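Source file work_9.cif; content: mmCIF, C-alpha atoms.
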```
data_structure
#
loop_
_atom_site.label_atom_id
_atom_site.label_comp_id
_atom_site.auth_asym_id
_atom_site.auth_seq_id
_atom_site.Cartn_x
_atom_site.Cartn_y
_atom_site.Cartn_z
CA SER Q 1 32.48 -37.89 70.43
CA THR Q 2 33.27 -34.21 70.01
CA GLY Q 3 32.00 -31.24 68.03
CA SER Q 4 33.56 -27.95 66.96
CA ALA Q 5 31.76 -25.03 65.32
CA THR Q 6 32.74 -21.49 64.44
CA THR Q 7 30.70 -18.68 65.96
CA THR Q 8 30.50 -15.35 64.13
CA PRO Q 9 29.47 -11.87 65.33
CA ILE Q 10 26.20 -10.72 63.79
CA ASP Q 11 27.37 -7.11 63.36
CA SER Q 12 30.32 -4.75 63.80
CA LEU Q 13 29.59 -4.32 67.53
CA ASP Q 14 29.54 -8.01 68.52
CA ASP Q 15 25.92 -7.58 69.63
CA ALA Q 16 25.52 -11.38 69.45
CA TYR Q 17 27.14 -14.40 67.83
CA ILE Q 18 25.62 -16.98 65.47
CA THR Q 19 26.69 -20.60 65.03
CA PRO Q 20 25.44 -22.86 62.22
CA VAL Q 21 23.33 -25.82 63.35
CA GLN Q 22 22.07 -28.70 61.20
CA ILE Q 23 18.48 -29.75 61.94
CA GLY Q 24 16.58 -32.64 60.37
CA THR Q 25 17.04 -35.00 57.43
CA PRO Q 26 18.15 -33.83 54.91
CA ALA Q 27 19.90 -31.18 56.98
CA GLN Q 28 18.39 -27.72 57.30
CA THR Q 29 21.12 -25.33 58.44
CA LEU Q 30 20.00 -22.48 60.71
CA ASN Q 31 22.23 -19.89 62.39
CA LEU Q 32 21.47 -20.01 66.12
CA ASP Q 33 22.44 -17.81 69.05
CA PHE Q 34 24.10 -20.13 71.59
CA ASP Q 35 22.87 -18.90 74.97
CA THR Q 36 24.37 -20.17 78.24
CA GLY Q 37 21.68 -18.12 80.04
CA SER Q 38 18.66 -20.11 78.83
CA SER Q 39 17.70 -23.71 78.17
CA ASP Q 40 15.41 -23.82 75.11
CA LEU Q 41 16.46 -24.66 71.55
CA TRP Q 42 13.88 -22.77 69.50
CA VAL Q 43 13.77 -21.82 65.83
CA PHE Q 44 11.95 -19.71 63.32
CA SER Q 45 9.86 -22.17 61.36
CA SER Q 46 7.22 -22.81 58.75
CA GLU Q 47 4.76 -22.34 61.65
CA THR Q 48 5.92 -18.83 62.59
CA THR Q 49 3.31 -16.12 61.96
CA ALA Q 50 4.26 -14.86 58.51
CA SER Q 51 4.26 -11.16 59.44
CA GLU Q 52 6.82 -11.93 62.18
CA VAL Q 53 9.38 -13.45 59.78
CA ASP Q 54 11.69 -10.93 58.05
CA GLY Q 55 14.67 -12.59 56.41
CA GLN Q 56 15.37 -15.44 58.83
CA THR Q 57 15.97 -18.97 57.62
CA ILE Q 58 13.14 -21.23 58.79
CA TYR Q 59 12.97 -24.86 59.87
CA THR Q 60 10.25 -26.78 58.00
CA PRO Q 61 9.54 -30.00 59.93
CA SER Q 62 7.36 -31.40 57.15
CA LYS Q 63 10.48 -31.59 54.95
CA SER Q 64 12.46 -33.60 57.53
CA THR Q 65 12.04 -37.37 57.46
CA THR Q 66 13.25 -37.59 61.08
CA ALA Q 67 10.96 -34.91 62.55
CA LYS Q 68 8.19 -36.04 64.89
CA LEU Q 69 5.63 -33.86 66.63
CA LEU Q 70 6.03 -34.04 70.41
CA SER Q 71 2.32 -34.36 70.95
CA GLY Q 72 0.77 -31.88 73.36
CA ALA Q 73 4.00 -30.05 74.13
CA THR Q 74 4.12 -26.26 74.08
CA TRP Q 75 6.72 -23.71 75.10
CA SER Q 76 6.80 -20.03 75.97
CA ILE Q 77 9.82 -18.00 77.06
CA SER Q 78 10.57 -14.43 78.11
CA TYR Q 79 14.11 -13.10 78.19
CA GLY Q 80 15.74 -10.49 80.41
CA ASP Q 81 15.61 -7.92 77.61
CA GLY Q 82 11.81 -8.16 77.39
CA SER Q 83 11.76 -10.25 74.20
CA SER Q 84 9.75 -13.46 73.97
CA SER Q 85 8.68 -16.37 71.77
CA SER Q 86 6.38 -19.39 71.96
CA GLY Q 87 5.10 -22.35 69.99
CA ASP Q 88 4.98 -26.16 69.78
CA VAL Q 89 7.67 -28.86 69.74
CA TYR Q 90 9.16 -31.47 67.43
CA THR Q 91 11.91 -33.96 68.07
CA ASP Q 92 14.55 -34.23 65.36
CA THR Q 93 18.23 -34.86 64.70
CA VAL Q 94 20.43 -31.87 65.54
CA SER Q 95 24.14 -31.58 64.75
CA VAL Q 96 26.63 -28.92 65.85
CA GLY Q 97 30.11 -28.95 64.38
CA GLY Q 98 29.97 -32.68 63.65
CA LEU Q 99 28.38 -33.73 66.97
CA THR Q 100 24.94 -35.29 66.47
CA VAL Q 101 22.05 -35.70 68.91
CA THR Q 102 19.02 -37.73 67.89
CA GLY Q 103 15.65 -36.98 69.45
CA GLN Q 104 16.51 -33.39 70.40
CA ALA Q 105 13.54 -31.19 71.28
CA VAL Q 106 13.34 -28.51 68.58
CA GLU Q 107 10.91 -25.83 69.73
CA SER Q 108 9.11 -24.39 66.71
CA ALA Q 109 8.06 -20.76 67.08
CA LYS Q 110 4.50 -19.84 66.29
CA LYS Q 111 5.02 -16.32 67.65
CA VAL Q 112 8.12 -14.18 68.23
CA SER Q 113 8.40 -10.67 69.62
CA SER Q 114 9.46 -7.70 67.53
CA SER Q 115 13.15 -7.75 68.46
CA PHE Q 116 13.48 -11.26 67.03
CA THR Q 117 11.64 -10.35 63.82
CA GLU Q 118 13.83 -7.27 63.41
CA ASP Q 119 17.07 -9.27 63.62
CA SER Q 120 17.30 -11.11 60.31
CA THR Q 121 20.64 -12.72 61.24
CA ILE Q 122 19.39 -14.89 64.16
CA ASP Q 123 17.28 -17.90 63.17
CA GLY Q 124 16.70 -19.03 66.77
CA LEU Q 125 18.41 -19.79 70.08
CA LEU Q 126 20.27 -22.85 71.36
CA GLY Q 127 20.12 -22.84 75.15
CA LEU Q 128 23.09 -24.10 77.16
CA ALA Q 129 22.03 -23.36 80.75
CA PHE Q 130 20.72 -26.17 82.94
CA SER Q 131 17.72 -28.14 81.73
CA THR Q 132 15.73 -27.21 84.85
CA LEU Q 133 15.06 -23.87 83.09
CA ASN Q 134 13.59 -25.45 79.94
CA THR Q 135 10.08 -24.10 79.33
CA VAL Q 136 8.44 -27.04 77.53
CA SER Q 137 5.17 -28.10 79.12
CA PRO Q 138 3.90 -30.52 80.32
CA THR Q 139 7.12 -32.54 79.91
CA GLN Q 140 10.28 -30.49 80.37
CA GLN Q 141 12.96 -31.18 77.75
CA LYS Q 142 16.75 -31.44 77.87
CA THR Q 143 19.25 -29.09 76.27
CA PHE Q 144 21.47 -30.15 73.40
CA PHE Q 145 24.43 -30.36 75.80
CA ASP Q 146 22.50 -32.47 78.32
CA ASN Q 147 21.47 -34.89 75.56
CA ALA Q 148 25.01 -35.07 74.13
CA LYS Q 149 26.87 -35.27 77.45
CA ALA Q 150 27.04 -39.05 77.88
CA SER Q 151 28.50 -39.49 74.37
CA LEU Q 152 31.12 -36.76 74.72
CA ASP Q 153 34.75 -37.61 75.36
CA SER Q 154 34.57 -35.24 78.35
CA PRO Q 155 31.34 -33.68 79.73
CA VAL Q 156 32.27 -30.12 78.81
CA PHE Q 157 31.77 -27.39 76.29
CA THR Q 158 33.91 -24.30 75.76
CA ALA Q 159 33.16 -20.77 74.57
CA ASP Q 160 35.94 -18.86 72.80
CA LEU Q 161 34.22 -15.70 71.55
CA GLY Q 162 36.11 -13.27 69.34
CA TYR Q 163 36.43 -9.50 69.60
CA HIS Q 164 35.23 -8.21 66.23
CA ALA Q 165 36.16 -11.63 64.83
CA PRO Q 166 34.89 -15.23 64.68
CA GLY Q 167 35.47 -17.65 67.53
CA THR Q 168 34.64 -21.23 68.45
CA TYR Q 169 32.28 -23.40 70.46
CA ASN Q 170 33.75 -26.83 71.22
CA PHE Q 171 31.89 -29.79 72.71
CA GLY Q 172 33.55 -32.68 74.51
CA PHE Q 173 37.17 -31.50 74.63
CA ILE Q 174 39.39 -28.62 75.75
CA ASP Q 175 41.62 -27.23 72.97
CA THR Q 176 44.87 -26.58 74.83
CA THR Q 177 46.12 -24.44 71.91
CA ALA Q 178 43.27 -21.95 72.29
CA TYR Q 179 44.40 -20.23 75.51
CA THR Q 180 47.51 -19.00 77.30
CA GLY Q 181 48.66 -19.95 80.77
CA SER Q 182 46.42 -22.20 82.84
CA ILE Q 183 42.65 -22.51 83.29
CA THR Q 184 41.36 -21.43 86.70
CA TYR Q 185 38.25 -23.31 87.79
CA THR Q 186 35.66 -21.90 90.16
CA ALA Q 187 32.53 -23.26 91.82
CA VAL Q 188 29.08 -23.11 90.25
CA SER Q 189 25.66 -22.95 91.85
CA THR Q 190 22.89 -24.49 89.77
CA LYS Q 191 20.17 -23.39 92.20
CA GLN Q 192 18.76 -20.82 89.75
CA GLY Q 193 19.42 -22.92 86.65
CA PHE Q 194 22.35 -20.75 85.49
CA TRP Q 195 26.13 -21.07 85.29
CA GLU Q 196 26.30 -18.99 88.45
CA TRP Q 197 29.65 -18.28 90.09
CA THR Q 198 31.38 -15.75 92.37
CA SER Q 199 34.06 -13.44 91.05
CA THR Q 200 36.71 -12.48 93.61
CA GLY Q 201 36.88 -8.77 92.68
CA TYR Q 202 37.80 -6.17 90.11
CA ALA Q 203 40.20 -3.45 89.01
CA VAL Q 204 39.70 -0.41 86.79
CA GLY Q 205 42.53 0.27 84.37
CA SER Q 206 45.90 0.21 86.11
CA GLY Q 207 44.24 0.68 89.50
CA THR Q 208 44.57 -1.58 92.50
CA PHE Q 209 42.49 -4.73 92.68
CA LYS Q 210 39.48 -4.59 95.02
CA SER Q 211 38.81 -7.93 96.68
CA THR Q 212 35.03 -8.36 96.88
CA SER Q 213 32.67 -11.23 96.08
CA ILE Q 214 30.49 -10.64 93.00
CA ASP Q 215 27.94 -13.38 92.35
CA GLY Q 216 26.85 -13.54 88.73
CA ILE Q 217 26.12 -15.70 85.71
CA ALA Q 218 28.23 -16.60 82.68
CA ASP Q 219 25.79 -15.72 79.88
CA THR Q 220 26.85 -15.90 76.24
CA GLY Q 221 23.38 -14.69 75.24
CA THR Q 222 23.77 -11.28 76.92
CA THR Q 223 25.86 -8.68 75.07
CA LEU Q 224 27.15 -6.54 77.93
CA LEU Q 225 28.68 -6.85 81.40
CA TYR Q 226 26.16 -6.02 84.15
CA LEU Q 227 27.63 -5.43 87.62
CA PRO Q 228 26.66 -3.75 90.89
CA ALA Q 229 26.13 0.00 90.75
CA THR Q 230 29.14 0.65 93.02
CA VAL Q 231 31.49 -1.20 90.66
CA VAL Q 232 30.06 0.40 87.52
CA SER Q 233 30.28 3.90 89.03
CA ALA Q 234 33.94 3.31 89.92
CA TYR Q 235 34.65 2.28 86.32
CA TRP Q 236 32.90 5.19 84.57
CA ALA Q 237 34.33 7.74 87.01
CA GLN Q 238 37.66 7.13 85.23
CA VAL Q 239 36.24 8.29 81.86
CA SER Q 240 36.00 12.07 81.41
CA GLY Q 241 32.45 13.06 80.52
CA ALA Q 242 30.85 9.67 81.17
CA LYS Q 243 27.44 9.75 82.82
CA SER Q 244 24.40 7.60 83.42
CA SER Q 245 21.58 8.69 81.12
CA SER Q 246 18.05 7.71 82.09
CA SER Q 247 16.83 8.71 78.62
CA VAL Q 248 19.32 6.46 76.84
CA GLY Q 249 19.09 3.66 79.41
CA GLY Q 250 22.58 3.44 80.88
CA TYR Q 251 26.06 4.86 80.97
CA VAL Q 252 27.20 6.81 77.93
CA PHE Q 253 30.58 8.38 77.27
CA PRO Q 254 32.17 10.71 74.72
CA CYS Q 255 33.03 8.81 71.57
CA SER Q 256 36.38 10.66 71.61
CA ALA Q 257 37.41 8.88 74.83
CA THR Q 258 39.99 6.14 75.22
CA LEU Q 259 38.47 3.66 77.66
CA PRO Q 260 40.35 1.99 80.51
CA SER Q 261 40.49 -1.77 80.81
CA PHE Q 262 38.43 -3.67 83.38
CA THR Q 263 39.81 -6.66 85.29
CA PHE Q 264 37.71 -9.31 87.03
CA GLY Q 265 38.92 -11.97 89.44
CA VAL Q 266 38.53 -15.72 89.03
CA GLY Q 267 39.89 -17.14 92.25
CA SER Q 268 43.44 -15.83 92.44
CA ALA Q 269 43.55 -15.35 88.65
CA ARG Q 270 42.65 -12.21 86.69
CA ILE Q 271 40.89 -11.69 83.34
CA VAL Q 272 41.56 -8.34 81.67
CA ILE Q 273 38.89 -6.83 79.40
CA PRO Q 274 40.63 -4.29 77.12
CA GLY Q 275 39.06 -0.85 77.03
CA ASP Q 276 38.11 -1.19 73.37
CA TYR Q 277 35.83 -4.14 74.23
CA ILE Q 278 33.71 -1.75 76.35
CA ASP Q 279 32.92 0.60 73.43
CA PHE Q 280 29.50 -0.09 71.88
CA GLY Q 281 29.58 2.88 69.56
CA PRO Q 282 27.27 5.82 68.96
CA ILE Q 283 23.91 5.72 70.72
CA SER Q 284 22.30 6.65 67.38
CA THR Q 285 23.83 6.96 63.95
CA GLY Q 286 26.23 9.91 63.82
CA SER Q 287 26.05 10.75 67.51
CA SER Q 288 29.19 11.63 69.45
CA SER Q 289 27.74 9.96 72.56
CA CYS Q 290 28.78 6.32 72.77
CA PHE Q 291 27.13 3.49 74.70
CA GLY Q 292 29.10 1.77 77.44
CA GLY Q 293 29.70 -1.97 77.61
CA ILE Q 294 29.68 -2.11 81.42
CA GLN Q 295 26.27 -1.26 82.91
CA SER Q 296 24.54 -1.51 86.27
CA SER Q 297 22.70 -4.69 87.21
CA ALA Q 298 20.69 -2.82 89.86
CA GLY Q 299 17.43 -3.22 87.91
CA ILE Q 300 17.99 -6.86 86.89
CA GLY Q 301 18.29 -8.76 90.16
CA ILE Q 302 21.44 -10.62 89.05
CA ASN Q 303 24.91 -9.73 87.84
CA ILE Q 304 25.63 -10.90 84.29
CA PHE Q 305 29.04 -11.75 82.84
CA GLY Q 306 27.91 -11.35 79.24
CA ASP Q 307 29.87 -11.32 76.00
CA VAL Q 308 31.96 -8.24 76.94
CA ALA Q 309 33.52 -10.26 79.75
CA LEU Q 310 33.45 -13.74 78.25
CA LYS Q 311 35.12 -12.74 74.96
CA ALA Q 312 38.22 -11.71 76.93
CA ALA Q 313 38.64 -15.34 78.05
CA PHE Q 314 38.61 -18.96 77.04
CA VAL Q 315 35.68 -20.29 79.08
CA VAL Q 316 35.07 -23.92 80.11
CA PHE Q 317 31.54 -24.96 81.01
CA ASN Q 318 32.24 -28.16 82.95
CA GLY Q 319 29.10 -30.31 83.16
CA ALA Q 320 30.57 -33.00 85.37
CA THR Q 321 28.40 -34.31 88.21
CA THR Q 322 29.42 -31.23 90.18
CA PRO Q 323 29.57 -28.49 87.52
CA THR Q 324 32.30 -25.86 87.53
CA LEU Q 325 33.45 -22.98 85.32
CA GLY Q 326 36.97 -22.44 84.04
CA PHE Q 327 38.54 -19.23 82.76
CA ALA Q 328 41.85 -18.73 80.97
CA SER Q 329 43.42 -15.74 79.29
CA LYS Q 330 43.98 -16.03 75.55
#
```

Step by step, read the file and then write its structure as structure tokens.
Amino acid sequence: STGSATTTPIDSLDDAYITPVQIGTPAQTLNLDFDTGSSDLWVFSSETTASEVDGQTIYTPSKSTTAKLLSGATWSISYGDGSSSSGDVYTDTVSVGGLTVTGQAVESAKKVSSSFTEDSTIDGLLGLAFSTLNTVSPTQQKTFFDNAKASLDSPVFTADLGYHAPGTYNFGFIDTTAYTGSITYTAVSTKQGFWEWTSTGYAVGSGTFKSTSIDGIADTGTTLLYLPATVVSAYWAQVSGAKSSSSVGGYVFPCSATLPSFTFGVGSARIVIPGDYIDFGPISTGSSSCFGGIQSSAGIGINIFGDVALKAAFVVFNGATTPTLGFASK
């Protein structure tokens, strides 16, 4: 089997991407944030505290003839941005782009933190990291990809995120028309539950490539590119007037600037992030200070190849017995 679904930016900055997902019988379509940095499929629901729902579409398990309470199971998750959610668990039929999994754990939110409530465009998350990170207790549950894998033509999914435009998530096949050149594959460590890999270095603009190992995670659920302070300082030093602002929470730059590109290494291959992809616009409405799309990971504990980096590539998440990642230009 295969599936193919379009993913759409939630706003003019590409802060996140939403993909329609069919849950239950008859189908209830919710727009979920596909997140290769976490491993829970959770949704706003008829159980979510009413004051914490503000415009989202909800899953109502009582209206699904295939929903079943997973008795005793609870979940609770905290994300790197400080947001969180928790609740109980149903199993139900879940389809993405024509690919159907029966018995998928659908984690129904009873509580969500303010950032989720405040984003009316995201109805929940669909985790695509390794199932060892799934938070359901006392019986850990599998991701949608893990459940679908055996049925797929090939045990893979691909992320093809657009810059200011829709893109595609494919399951079970690699669309050879969706990228240019060849795909370069690189090793993955699953030890932390992430799609964790080692970039071979970087360049700033037209500068020379610096060969240096940068361990990090491929995370579709993180907006920006978070890298070591040395790398980030070298990038922003090429932008007149750029500075790190403790009050804003990262590097800012004059909105009048033209930003240089940023290149990262994948083995001997190179992925080029155009300068425009690094512009996240005014820090507040009408400001002439703009927020940078490359930020330091020094306070995180891990480097994160988020959407800024991934949208410059066609990315293969290879879930073979030994997982690997592939990157191609596009």

**Study point:** Straight-line distance linking CA of residue 323 in chain Q with CA of residue 91 in chain Q, stated in Å to one decimal
**Key:** 26.8 Å

**Study point:** Residue members of the PyMOL selection byres ((chain Q and resi 57-72) around 7) in the file shown, as a PyMOL selection string
**Key:** chain Q and resi 24-26+28+30+43-46+55-56+73-74+89-93+123

**Study point:** Protein/DNA/RNA residues near (39.5, -19.1, 77.8), cut 9 Å, all atoms listed in the file, as a count of residues only
**Key:** 20

Exercise for review: Neighbourhood query: residues within 12 Å of (25.1, -29.1, 73.0), file coordinates, counting only C-alpha atoms; return as a PyMOL selection string.
Suggested key: chain Q and resi 1-5+19+21+32+34-36+39-41+94-102+104-105+125-131+142-152+155-159+169-172+317+319

Take the residues that were just selected and, keeping C-alpha atoms, output them as a short mmCIF file (atom, residue, chain, number, x, y, z; two decimals), keeping the file's coordinate frame.
```cif
data_model
loop_
_atom_site.label_atom_id
_atom_site.label_comp_id
_atom_site.auth_asym_id
_atom_site.auth_seq_id
_atom_site.Cartn_x
_atom_site.Cartn_y
_atom_site.Cartn_z
CA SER Q 1 32.48 -37.89 70.43
CA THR Q 2 33.27 -34.21 70.01
CA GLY Q 3 32.00 -31.24 68.03
CA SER Q 4 33.56 -27.95 66.96
CA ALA Q 5 31.76 -25.03 65.32
CA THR Q 19 26.69 -20.60 65.03
CA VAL Q 21 23.33 -25.82 63.35
CA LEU Q 32 21.47 -20.01 66.12
CA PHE Q 34 24.10 -20.13 71.59
CA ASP Q 35 22.87 -18.90 74.97
CA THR Q 36 24.37 -20.17 78.24
CA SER Q 39 17.70 -23.71 78.17
CA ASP Q 40 15.41 -23.82 75.11
CA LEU Q 41 16.46 -24.66 71.55
CA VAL Q 94 20.43 -31.87 65.54
CA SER Q 95 24.14 -31.58 64.75
CA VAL Q 96 26.63 -28.92 65.85
CA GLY Q 97 30.11 -28.95 64.38
CA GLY Q 98 29.97 -32.68 63.65
CA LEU Q 99 28.38 -33.73 66.97
CA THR Q 100 24.94 -35.29 66.47
CA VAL Q 101 22.05 -35.70 68.91
CA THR Q 102 19.02 -37.73 67.89
CA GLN Q 104 16.51 -33.39 70.40
CA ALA Q 105 13.54 -31.19 71.28
CA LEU Q 125 18.41 -19.79 70.08
CA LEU Q 126 20.27 -22.85 71.36
CA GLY Q 127 20.12 -22.84 75.15
CA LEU Q 128 23.09 -24.10 77.16
CA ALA Q 129 22.03 -23.36 80.75
CA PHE Q 130 20.72 -26.17 82.94
CA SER Q 131 17.72 -28.14 81.73
CA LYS Q 142 16.75 -31.44 77.87
CA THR Q 143 19.25 -29.09 76.27
CA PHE Q 144 21.47 -30.15 73.40
CA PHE Q 145 24.43 -30.36 75.80
CA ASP Q 146 22.50 -32.47 78.32
CA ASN Q 147 21.47 -34.89 75.56
CA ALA Q 148 25.01 -35.07 74.13
CA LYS Q 149 26.87 -35.27 77.45
CA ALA Q 150 27.04 -39.05 77.88
CA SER Q 151 28.50 -39.49 74.37
CA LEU Q 152 31.12 -36.76 74.72
CA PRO Q 155 31.34 -33.68 79.73
CA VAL Q 156 32.27 -30.12 78.81
CA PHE Q 157 31.77 -27.39 76.29
CA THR Q 158 33.91 -24.30 75.76
CA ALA Q 159 33.16 -20.77 74.57
CA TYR Q 169 32.28 -23.40 70.46
CA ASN Q 170 33.75 -26.83 71.22
CA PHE Q 171 31.89 -29.79 72.71
CA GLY Q 172 33.55 -32.68 74.51
CA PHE Q 317 31.54 -24.96 81.01
CA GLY Q 319 29.10 -30.31 83.16
#
```

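Across the model, the gap from CA of residue 16 in chain Q to CA of residue 285 in chain Q is 19.2 Å.
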
**Study point:** Closest of Q:14, Q:276, Q:54, Q:175 to residue 262 in chain Q - atom-to-atom distances counting all atoms listed in the file
**Key:**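 The shortest atom-to-atom distance to residue 262 in chain Q comes from Q:276.
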
Could you tell me, as a PDB file with C-alpha atoms, in the frame of the given file, exactly which residues end up selected when the PyMOL selection byres ((chain Q and resi 81) around 10) is applied to this structure?
```
ATOM      1  CA  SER Q  78      10.570 -14.430  78.110  1.00  0.00           C
ATOM      2  CA  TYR Q  79      14.110 -13.100  78.190  1.00  0.00           C
ATOM      3  CA  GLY Q  80      15.740 -10.490  80.410  1.00  0.00           C
ATOM      4  CA  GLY Q  82      11.810  -8.160  77.390  1.00  0.00           C
ATOM      5  CA  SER Q  83      11.760 -10.250  74.200  1.00  0.00           C
ATOM      6  CA  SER Q  84       9.750 -13.460  73.970  1.00  0.00           C
ATOM      7  CA  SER Q 115      13.150  -7.750  68.460  1.00  0.00           C
ATOM      8  CA  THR Q 222      23.770 -11.280  76.920  1.00  0.00           C
ATOM      9  CA  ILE Q 300      17.990  -6.860  86.890  1.00  0.00           C
TER      10      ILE Q 300
END
```

Enumerate, as a PDB file with C-alpha atoms, in the frame of the given file, the residues matched when the PyMOL selection byres ((chain Q and resi 136) around 8) is run on the file above.
```pdb
ATOM      1  CA  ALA Q  73       4.000 -30.050  74.130  1.00  0.00           C
ATOM      2  CA  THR Q  74       4.120 -26.260  74.080  1.00  0.00           C
ATOM      3  CA  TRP Q  75       6.720 -23.710  75.100  1.00  0.00           C
ATOM      4  CA  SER Q  76       6.800 -20.030  75.970  1.00  0.00           C
ATOM      5  CA  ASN Q 134      13.590 -25.450  79.940  1.00  0.00           C
ATOM      6  CA  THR Q 135      10.080 -24.100  79.330  1.00  0.00           C
ATOM      7  CA  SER Q 137       5.170 -28.100  79.120  1.00  0.00           C
ATOM      8  CA  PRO Q 138       3.900 -30.520  80.320  1.00  0.00           C
ATOM      9  CA  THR Q 139       7.120 -32.540  79.910  1.00  0.00           C
ATOM     10  CA  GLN Q 140      10.280 -30.490  80.370  1.00  0.00           C
ATOM     11  CA  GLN Q 141      12.960 -31.180  77.750  1.00  0.00           C
TER      12      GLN Q 141
END
```

Quick one: 6 Å padding each side, axis-aligned, all listed atoms of range 191-206 of chain Q - centre and edge lengths in Å to one decimal, as JSON?
```
{"center_x": 32.3, "center_y": -11.6, "center_z": 89.0, "size_x": 39.1, "size_y": 35.7, "size_z": 21.2}
```

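A straight line drawn from CA of residue 221 in chain Q to CA of residue 199 in chain Q is 19.1 Å long.
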
For residue 227 in chain Q, work out the shell of residues within 9 Å, counting only C-alpha atoms and skipping chain neighbours fewer than 4 positions away, then give it as a compact mmCIF listing (two decimals) with C-alpha atoms, keeping the file's coordinate frame.
```txt
# COMPACT_ATOMS: atom_id res chain seq x y z
CA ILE Q 214 30.49 -10.64 93.00
CA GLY Q 216 26.85 -13.54 88.73
CA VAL Q 231 31.49 -1.20 90.66
CA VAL Q 232 30.06 0.40 87.52
CA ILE Q 294 29.68 -2.11 81.42
CA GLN Q 295 26.27 -1.26 82.91
CA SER Q 296 24.54 -1.51 86.27
CA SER Q 297 22.70 -4.69 87.21
CA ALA Q 298 20.69 -2.82 89.86
CA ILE Q 302 21.44 -10.62 89.05
CA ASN Q 303 24.91 -9.73 87.84
CA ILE Q 304 25.63 -10.90 84.29
CA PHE Q 305 29.04 -11.75 82.84
```

Check your understanding: For residue 217 in chain Q, which residue out of Q:8, Q:198, Q:240, Q:324 is the nearest one, using all atoms listed in the file?
Key ->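 Nearest candidate to residue 217 in chain Q out of Q:8, Q:198, Q:240, Q:324: Q:198.
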
Practice item. Would you mind telling me which residue in Q:292, Q:220, Q:274, Q:185 lies nearest to residue 233 in chain Q when using all atoms listed in the file? Key: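 With all atoms listed in the file as the atom set, the closest residue is Q:292.
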
**Study point:** residue 275 in chain Q surroundings by all atoms listed in the file, 8 Å radius, close-in-sequence under 6 positions cut, as a list in words
**Key:** residues 258, 259, 260, 261 and 262 of chain Q

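Among Q:287, Q:318, Q:244, Q:132, the residue with the shortest atom-to-atom distance to residue 191 in chain Q, counting all atoms listed in the file, is Q:132.
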
Exercise for review: For residue 280 in chain Q, work out the shell of residues within 12 Å, counting all atoms listed in the file and skipping chain neighbours fewer than 2 positions away, then give it as a ChimeraX atom specification.
Suggested key: /Q:11-15,163-164,223-225,250-255,259,275-278,282-284,288-295,307-308

Deliver the residues from the most recent selection as a file, using C-alpha atoms, as a compact mmCIF listing (two decimals), in the frame of the given file.
```
# COMPACT_ATOMS: atom_id res chain seq x y z
CA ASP Q 11 27.37 -7.11 63.36
CA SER Q 12 30.32 -4.75 63.80
CA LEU Q 13 29.59 -4.32 67.53
CA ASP Q 14 29.54 -8.01 68.52
CA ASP Q 15 25.92 -7.58 69.63
CA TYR Q 163 36.43 -9.50 69.60
CA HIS Q 164 35.23 -8.21 66.23
CA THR Q 223 25.86 -8.68 75.07
CA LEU Q 224 27.15 -6.54 77.93
CA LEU Q 225 28.68 -6.85 81.40
CA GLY Q 250 22.58 3.44 80.88
CA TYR Q 251 26.06 4.86 80.97
CA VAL Q 252 27.20 6.81 77.93
CA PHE Q 253 30.58 8.38 77.27
CA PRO Q 254 32.17 10.71 74.72
CA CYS Q 255 33.03 8.81 71.57
CA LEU Q 259 38.47 3.66 77.66
CA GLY Q 275 39.06 -0.85 77.03
CA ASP Q 276 38.11 -1.19 73.37
CA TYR Q 277 35.83 -4.14 74.23
CA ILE Q 278 33.71 -1.75 76.35
CA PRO Q 282 27.27 5.82 68.96
CA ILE Q 283 23.91 5.72 70.72
CA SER Q 284 22.30 6.65 67.38
CA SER Q 288 29.19 11.63 69.45
CA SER Q 289 27.74 9.96 72.56
CA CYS Q 290 28.78 6.32 72.77
CA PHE Q 291 27.13 3.49 74.70
CA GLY Q 292 29.10 1.77 77.44
CA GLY Q 293 29.70 -1.97 77.61
CA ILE Q 294 29.68 -2.11 81.42
CA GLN Q 295 26.27 -1.26 82.91
CA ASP Q 307 29.87 -11.32 76.00
CA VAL Q 308 31.96 -8.24 76.94
```
